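Asks: Got an experimental structure here, sequence first:
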Number of protein chains: 2
Amino acid sequence: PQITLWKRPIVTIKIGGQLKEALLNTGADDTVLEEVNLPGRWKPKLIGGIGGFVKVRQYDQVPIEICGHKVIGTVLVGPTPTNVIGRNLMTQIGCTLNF
Amino acid sequence: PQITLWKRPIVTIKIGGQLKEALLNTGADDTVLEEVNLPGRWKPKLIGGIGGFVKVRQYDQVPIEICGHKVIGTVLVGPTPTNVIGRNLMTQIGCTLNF
Ligand SMILES: CCC[C@@]1(CCc2ccccc2)CC(O)=C([C@H](CC)c2cccc(NS(=O)(=O)c3ccc(C(F)(F)F)cn3)c2)C(=O)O1
């Protein structure tokens, strides 16, 4: 689809058997979620944002279906305000900016 | 143009007679810059980010030319991991997401 930017570009995702909403964020290198329950090993990561730095769990090779498109990649889990889909996943669904 | 997301979507801007680079950020409601020297009155604002909250100066009706497109809108000035162009300005240049 084409999505305009008069409102937040929020989409429905399925991850780890759970349904969430998340923001398509071209400013984010990475994908950051909260309150998801991912299986298996992870490693600590620190990421920077507006407001400071955040400690997250880094989970690799995680299946996630984003607006009906199945992809796999790294998902960070930690205490973000809104769920964010970053460029690491947006490239996998073929998303571009256009003006 | 069309811009893919394999790298950060960075564009050149002119604001207040100075040249900067900034990140096209569909996750950001607002536009946040640093090191800009804007004229005249401003109001304090607090904004939330993934890592906490930031105190910024809010300047209204600021001319800014973003990749050669002249627009006007609110610009927030304060700390950020990088200069960010948010949806408030991206709608004015007719930017959309497409997948
Ligand atoms: C003004 C934008 C503020 C924003 C708003 C988040 C939000 C939205 C709705 C409701 C509440 C909160 C959006 C955003 O992209 C980030 C930053 C980048 C500016 C962000 C988002 C996601 C992850 C990261 N960390 S990172 O390691 O992937 C990373 C670090 C730095 C940058 C850089 F390009 F900005 F430098 C991009 N990515 C940062 C942020 O900190 O919060």
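Replies: Okay, I see it. Numbers count the residues shown, from 1 in each chain, chains lettered A, B, ... in the order given.
Asks: Please make it C-alpha for all contacts and neighbour counts, starting now.
Replies: Noted.
Asks: Can you give me the buried ones in the strand ranked longest in chain A?
Replies: Among the elements of chain A assigned as strand by DSSP state E, the one spanning the most residues is strand A:52-66. Within strand A:52-66, the residues that count as buried by 16 or more other Cα atoms under 10 Å in any protein chain shown are A:52, A:54-59, A:62-66.
Asks: Pull out the buried residues from the one helix or strand residue A:23 maps to.
Replies: Per DSSP states H and E, residue A:23 falls inside strand A:18-24. Neighbour-count burial for strand A:18-24, counted by 16+ other Cα under 10 Å, picks out A:20-24.
Asks: For that strand, enumerate the helices and strands it packs against.
Replies: Under the contact definition 3 or more Cα pairs under 8 Å, 6 or more residues apart in numbering or on different chains; DSSP states H and E, strand A:18-24 sits against strand A:10-15, strand A:84-85.
Asks: quick check: angle from that strand to strand A:10-15?
Replies: The directions of strand A:18-24 and strand A:10-15 differ by 140 degrees, with axes from the mean of the first three to the mean of the last three Cα atoms, to 10 degrees as the criterion.
Asks: dump the residue contacts of the nearest residue to residue A:55 once chain neighbours are set aside.
Replies: Leaving aside its sequence neighbours, residue A:55 sits nearest to residue A:46 (Cα to Cα, 6 or more residues apart in numbering or on different chains; 4.7 Å). Contact partners of residue A:46, counting by Cα atoms under 8 Å, 6 or more residues apart in numbering or on different chains, are A:53-56.
Asks: And the residue of chain A closest to chain B?
Replies: Residue of chain A nearest chain B, by Cα to the nearest Cα: residue A:51 (3.8 Å).
Asks: what's that residue in contact with, if anything?
Replies: Contacts of residue A:51 by Cα under 8 Å, 6+ apart are B:48-54, B:80.
Asks: Not counting sequence-adjacent ones, nearest residue to residue A:90?
Replies: Spatial nearest neighbour of residue A:90, chain neighbours left out: residue B:5 (7.1 Å); criterion: Cα to Cα, 6+ apart.
Asks: which SS class is the one you found?
Replies: Under DSSP: H, G, I helix; E, B strand; the rest coil, residue B:5 falls in the coil class.
Asks: Please work out how many residues are found near it.
Replies: 20 (other Cα atoms under 10 Å in any protein chain shown).
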